[PDB]
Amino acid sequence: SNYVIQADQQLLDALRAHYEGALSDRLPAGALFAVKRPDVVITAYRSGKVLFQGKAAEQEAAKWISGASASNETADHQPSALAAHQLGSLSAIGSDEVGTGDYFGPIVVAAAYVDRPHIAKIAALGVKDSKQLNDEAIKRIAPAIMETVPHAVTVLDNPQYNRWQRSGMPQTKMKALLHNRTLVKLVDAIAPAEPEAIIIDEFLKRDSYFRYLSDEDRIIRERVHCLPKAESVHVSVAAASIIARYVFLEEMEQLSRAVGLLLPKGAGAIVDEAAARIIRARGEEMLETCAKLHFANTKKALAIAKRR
């Protein structure tokens, strides 16, 4: 009939290695592999969902999980993998940012163009782990990317950040401008070559994004894709992410040195303590050069600084 099961990475590896006849070509979007056993076909997906169809359905299914739920689903495309199925193999530019949630430091937006002939080399660097990678990995992988693939970066320093923020421009509009300006740099730099796609890791509705670029003299919208969790759609986005994290870290060391005090990431208690210290040793005005003032941490800092 038709049975569906959920599988962790190990079960997926087991299901795959078991069948001495796995297929990787011509498969529904999102599928990892498929097998054609005596009156039964197994279909495995990234999500972990496995589809058992055929005569010997419940039989084959039971071989792995007891109480295998049955549904009407079929070996069809997964809506979550429609874009990646199409974009994953093209030559594209991917952009992402970081530091948005950090009290100290700027907002960094980066973009990377990964042509088809470089996708593997970049994937070989293990960039598909941008989310979970400590500062050490970033400092080792990022530099190997910057010198393998063309990229652009835009850094929104604190004084300019505070300037826009107190002028009515919220972070959402800041990111739209930063992304649009980084993409412009990259598009011109890689010319005459043109990217088959331009993927932006979604941070706001496409409607809003371009509605914020109303004043820009140059806007990039030709073949622009706004996708959620873009790092998983194309390797160029994961690359941008890593590069952005790198420039951020380098910017923080430089900034901590200019402030003369180690500036911790995030916006937790240590951040207030750190700001408090700065206020006492360099004056409140120094914060305007290394922090996002409108943040709540500023008031708390001023309190901690005043009490003692």
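Quick note: we count residues from 1 along the sequence shown, nothing fancier.
Engineer: Would you tell me which stretch averages the higher CA B-factor in the PDB entry, 157-165 or 221-229?
Structural biologist: Result: 221-229.
Engineer: Regarding 188-196 and 121-129, which shows the higher C-alpha temperature factor on average in the entry?
Structural biologist: Per the PDB record, 121-129.
Engineer: Name the residue from 67, 268, 260, 264 with the greatest C-alpha temperature factor listed in the entry.
Structural biologist: Checking the PDB record, the top C-alpha B-factor among 67, 268, 260, 264 is at 67.
Engineer: In terms of CA temperature factor as recorded, identify the highest of 95, 134, 86, 148.
Structural biologist: Top of the list by C-alpha B-factor: 134.
Engineer: Please place residue 18 in the lowest, middle or highest third of its chain according to the CA B-factor in the PDB entry.
Structural biologist: Highest third.
Engineer: Please rank the C-alpha B-factors of the chain's modelled residues and tell me whether residue 171 sits in the lowest, middle or highest third.
Structural biologist: Ranked within chain, residue 171 CA B lands in the middle tercile.
Engineer: Taking only the Cα B-factors deposited for this chain, tell me whether residue 10 sits in the lowest, middle or highest third.
Structural biologist: Middle third - that is where residue 10 ends up once the chain's C-alpha B-factors are sorted.
Engineer: Report the third (lowest, middle or highest) to which the CA temperature factor of residue 282 belongs, ranking only the modelled residues of the same chain.
Structural biologist: According to the entry, residue 282 has a C-alpha B-factor in the chain's middle third.
Engineer: Consider only the C-alpha atoms of the modelled residues in this chain, order them by B-factor as the entry records it, and name the third containing residue 206: lowest, middle or highest.
Structural biologist: Highest third of the chain for residue 206's C-alpha B-factor.
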